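Structure file data20.pdb with PDB, C-alpha atoms:
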```
MODEL        1
ATOM      1  CA  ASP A  52    -101.601  23.747  23.311
ATOM      2  CA  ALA A  53    -103.817  26.428  24.831
ATOM      3  CA  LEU A  54    -106.607  27.441  22.472
ATOM      4  CA  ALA A  55    -106.626  30.590  20.352
ATOM      5  CA  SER A  56    -107.849  34.051  21.364
ATOM      6  CA  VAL A  57    -109.176  34.762  17.861
ATOM      7  CA  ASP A  58    -112.804  34.643  19.019
ATOM      8  CA  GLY A  59    -113.529  37.985  17.379
ATOM      9  CA  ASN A  60    -116.845  38.607  15.628
ATOM     10  CA  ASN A  61    -116.859  35.919  12.944
ATOM     11  CA  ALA A  62    -119.862  36.443  10.669
ATOM     12  CA  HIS A  63    -119.999  34.975   7.158
ATOM     13  CA  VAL A  64    -122.575  34.267   4.458
ATOM     14  CA  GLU A  65    -123.668  30.724   3.614
ATOM     15  CA  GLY A  66    -122.603  30.881  -0.033
ATOM     16  CA  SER A  67    -118.908  31.403   0.705
ATOM     17  CA  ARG A  68    -115.764  29.511   1.700
ATOM     18  CA  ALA A  69    -112.901  29.607   4.206
ATOM     19  CA  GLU A  70    -110.666  32.676   4.606
ATOM     20  CA  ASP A  71    -107.214  31.508   5.760
ATOM     21  CA  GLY A  72    -107.822  29.486   8.905
ATOM     22  CA  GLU A  73    -105.426  30.084  11.802
ATOM     23  CA  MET A  74    -104.651  26.639  13.227
ATOM     24  CA  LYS A  75    -102.056  27.234  15.944
ATOM     25  CA  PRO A  76     -99.314  24.724  16.840
ATOM     26  CA  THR A  77     -98.185  23.412  20.223
ATOM     27  CA  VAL A  78     -95.646  25.002  22.571
ATOM     28  CA  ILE A  79     -92.808  22.922  24.025
ATOM     29  CA  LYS A  80     -91.299  23.714  27.435
ATOM     30  CA  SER A  81     -88.234  21.698  28.444
ATOM     31  CA  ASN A  82     -86.248  21.407  31.662
ATOM     32  CA  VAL A  83     -83.030  19.821  32.918
ATOM     33  CA  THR A  84     -82.118  17.792  35.987
ATOM     34  CA  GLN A  85     -79.723  18.655  38.816
ATOM     35  CA  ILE A  86     -77.019  16.577  40.504
ATOM     36  CA  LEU A  87     -76.969  16.212  44.295
ATOM     37  CA  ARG A  88     -74.140  14.584  46.231
ATOM     38  CA  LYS A  89     -73.146  13.934  49.842
ATOM     39  CA  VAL A  90     -69.787  12.485  50.889
ATOM     40  CA  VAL A  91     -68.676  10.954  54.186
ATOM     41  CA  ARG A  92     -65.105  10.202  55.299
ATOM     42  CA  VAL A  93     -64.482   8.790  58.782
ATOM     43  CA  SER A  94     -61.062   8.442  60.400
ATOM     44  CA  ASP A  95     -60.645   5.016  61.995
ATOM     45  CA  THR A  96     -57.972   6.619  64.205
ATOM     46  CA  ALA A  97     -60.405   8.710  66.264
ATOM     47  CA  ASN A  98     -62.715   5.655  66.145
ATOM     48  CA  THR A  99     -60.733   3.949  68.937
ATOM     49  CA  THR A 100     -63.573   3.650  71.459
ATOM     50  CA  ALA A 101     -67.297   3.029  70.958
TER      51      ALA A 101
ATOM     52  CA  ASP B  52     -32.238 -11.284  51.071
ATOM     53  CA  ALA B  53     -32.836  -9.640  54.437
ATOM     54  CA  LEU B  54     -35.890  -8.220  56.168
ATOM     55  CA  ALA B  55     -36.086  -4.514  56.914
ATOM     56  CA  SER B  56     -34.281  -3.304  60.015
ATOM     57  CA  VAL B  57     -36.333  -2.764  63.159
ATOM     58  CA  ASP B  58     -38.070   0.592  62.835
ATOM     59  CA  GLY B  59     -39.156   1.400  66.386
ATOM     60  CA  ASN B  60     -40.730   4.640  65.147
ATOM     61  CA  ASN B  61     -43.546   2.865  63.259
ATOM     62  CA  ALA B  62     -46.038   5.496  64.420
ATOM     63  CA  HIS B  63     -48.671   6.388  61.822
ATOM     64  CA  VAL B  64     -51.552   8.849  61.932
ATOM     65  CA  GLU B  65     -55.187   7.797  62.162
ATOM     66  CA  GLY B  66     -57.257   7.972  58.993
ATOM     67  CA  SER B  67     -54.213   8.964  56.941
ATOM     68  CA  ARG B  68     -53.085   8.081  53.429
ATOM     69  CA  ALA B  69     -51.162   4.896  52.685
ATOM     70  CA  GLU B  70     -47.542   5.989  52.368
ATOM     71  CA  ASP B  71     -45.661   4.897  49.260
ATOM     72  CA  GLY B  72     -43.637   2.504  51.405
ATOM     73  CA  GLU B  73     -40.217   1.096  50.623
ATOM     74  CA  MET B  74     -39.311  -2.164  48.867
ATOM     75  CA  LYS B  75     -35.624  -3.076  49.077
ATOM     76  CA  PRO B  76     -34.428  -5.661  46.517
ATOM     77  CA  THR B  77     -32.280  -8.734  47.072
ATOM     78  CA  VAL B  78     -28.501  -9.026  46.762
ATOM     79  CA  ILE B  79     -26.858 -11.274  44.166
ATOM     80  CA  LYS B  80     -23.579 -12.731  45.435
ATOM     81  CA  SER B  81     -21.382 -14.378  42.806
ATOM     82  CA  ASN B  82     -18.065 -16.224  42.888
ATOM     83  CA  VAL B  83     -15.765 -17.773  40.295
ATOM     84  CA  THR B  84     -13.750 -20.976  40.059
ATOM     85  CA  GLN B  85      -9.976 -21.435  40.093
ATOM     86  CA  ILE B  86      -7.806 -23.863  38.125
ATOM     87  CA  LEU B  87      -5.388 -26.086  40.047
ATOM     88  CA  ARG B  88      -2.648 -27.734  37.989
ATOM     89  CA  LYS B  89       0.202 -30.053  38.970
ATOM     90  CA  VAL B  90       2.825 -31.093  36.422
ATOM     91  CA  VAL B  91       5.564 -33.725  36.433
ATOM     92  CA  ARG B  92       8.183 -34.816  33.909
ATOM     93  CA  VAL B  93      10.611 -37.754  33.887
ATOM     94  CA  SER B  94      12.941 -38.137  30.929
ATOM     95  CA  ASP B  95      12.326 -41.801  30.077
ATOM     96  CA  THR B  96      15.603 -42.773  31.787
ATOM     97  CA  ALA B  97      15.123 -42.196  35.513
ATOM     98  CA  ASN B  98      11.973 -44.282  34.988
ATOM     99  CA  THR B  99      14.077 -47.273  33.884
ATOM    100  CA  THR B 100      16.563 -47.065  36.766
ATOM    101  CA  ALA B 101      16.142 -49.177  39.892
TER     102      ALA B 101
ENDMDL
END
```
Please rewrite the model in this file as structure tokens.
Amino acid sequence: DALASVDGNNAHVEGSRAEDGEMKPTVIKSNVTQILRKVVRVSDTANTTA
Amino acid sequence: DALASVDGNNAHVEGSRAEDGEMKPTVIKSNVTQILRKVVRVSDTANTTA
């Protein structure tokens, strides 16, 4: 919700009222996860010795 | 029933997949009966003779 860059040169009289304020909303930024995987298969045949 | 015949070549690879195998069923032996009959007849006269 960064502020507004409408700084400008606002100058009004005292005996007056608002002129269409510019309230800005928020900004949503979303993301998504990622799957990681590691597999291991060992052959007990080649596992004869230690 | 009867166990599987001696294989001799029961050599399998290391870290391999379990083969489907082989399951032989049992044998149903069946027999039937036989009727034995012995007949005799004496005409009420040879039975009275001495």
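Taking CA of residue 96 (chain A) as the reference point, CA of residue 63 (chain B) is found at 9.6 Å.
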Original post:
Using only C-alpha atoms, which chain B residues lie at most 8 Å away from chain A, written as a list in words?
Top reply: residues 64, 65, 66 and 67 of chain B
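Between chain A and its sequence-identical counterpart chain B, the C-alpha RMSD after optimal superposition is 1.9 Å.
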**OP:** Check what the PyMOL selection byres ((chain A and resi 71-78) around 9) selects in the file above and give those residues as a PyMOL selection string.
**Re:** chain A and resi 52-55+57+69-70+79-80
**OP:** Between CA of residue 101 (chain B) and CA of residue 88 (chain B), measure the distance and give it in Å to one decimal.
**Re:** 28.6 Å
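Going from CA of residue 59 (chain B) to CA of residue 100 (chain A) covers 25.0 Å.
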Selected chain B, written as a tab-separated table (two decimals), in the first residue's frame, C-alpha atoms:
```tsv
chain	number	residue	atom	x	y	z
B	52	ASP	CA	-1.49	-82.41	-3.95
B	53	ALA	CA	2.21	-82.37	-4.81
B	54	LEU	CA	4.99	-79.85	-4.32
B	55	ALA	CA	6.64	-78.24	-7.33
B	56	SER	CA	9.33	-80.26	-9.08
B	57	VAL	CA	12.94	-79.47	-8.26
B	58	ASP	CA	13.93	-76.39	-10.25
B	59	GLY	CA	17.72	-76.40	-10.13
B	60	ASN	CA	17.78	-73.19	-12.17
B	61	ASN	CA	16.36	-71.05	-9.33
B	62	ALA	CA	18.76	-68.22	-10.21
B	63	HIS	CA	17.27	-64.75	-9.79
B	64	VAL	CA	18.75	-61.31	-10.40
B	65	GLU	CA	19.70	-58.92	-7.61
B	66	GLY	CA	17.35	-56.03	-6.91
B	67	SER	CA	14.85	-57.31	-9.48
B	68	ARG	CA	11.06	-57.38	-9.55
B	69	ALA	CA	9.08	-60.15	-7.88
B	70	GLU	CA	8.06	-62.47	-10.70
B	71	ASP	CA	4.39	-63.39	-10.96
B	72	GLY	CA	5.26	-66.91	-9.81
B	73	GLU	CA	3.26	-70.05	-10.43
B	74	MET	CA	0.59	-71.67	-8.24
B	75	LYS	CA	-0.44	-75.16	-9.35
B	76	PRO	CA	-3.78	-76.41	-7.94
B	77	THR	CA	-4.59	-79.77	-6.39
B	78	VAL	CA	-5.97	-82.86	-8.12
B	79	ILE	CA	-9.38	-84.31	-7.23
B	80	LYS	CA	-9.45	-88.10	-7.59
B	81	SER	CA	-12.89	-89.70	-7.50
B	82	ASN	CA	-14.16	-93.28	-7.63
B	83	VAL	CA	-17.58	-94.93	-7.68
B	84	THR	CA	-19.12	-97.96	-6.01
B	85	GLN	CA	-20.23	-101.25	-7.56
B	86	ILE	CA	-23.24	-103.43	-6.75
B	87	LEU	CA	-22.64	-107.11	-5.96
B	88	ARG	CA	-25.70	-109.36	-6.12
B	89	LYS	CA	-26.13	-113.09	-5.54
B	90	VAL	CA	-29.46	-114.79	-6.19
B	91	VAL	CA	-30.84	-118.24	-5.35
B	92	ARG	CA	-34.16	-119.97	-5.95
B	93	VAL	CA	-35.55	-123.29	-4.70
B	94	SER	CA	-39.04	-124.30	-5.78
B	95	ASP	CA	-40.55	-125.19	-2.40
B	96	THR	CA	-40.08	-128.91	-3.14
B	97	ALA	CA	-36.34	-129.58	-3.12
B	98	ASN	CA	-36.48	-127.80	0.25
B	99	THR	CA	-38.80	-130.49	1.63
B	100	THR	CA	-36.74	-133.45	0.38
B	101	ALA	CA	-34.23	-135.20	2.62
```
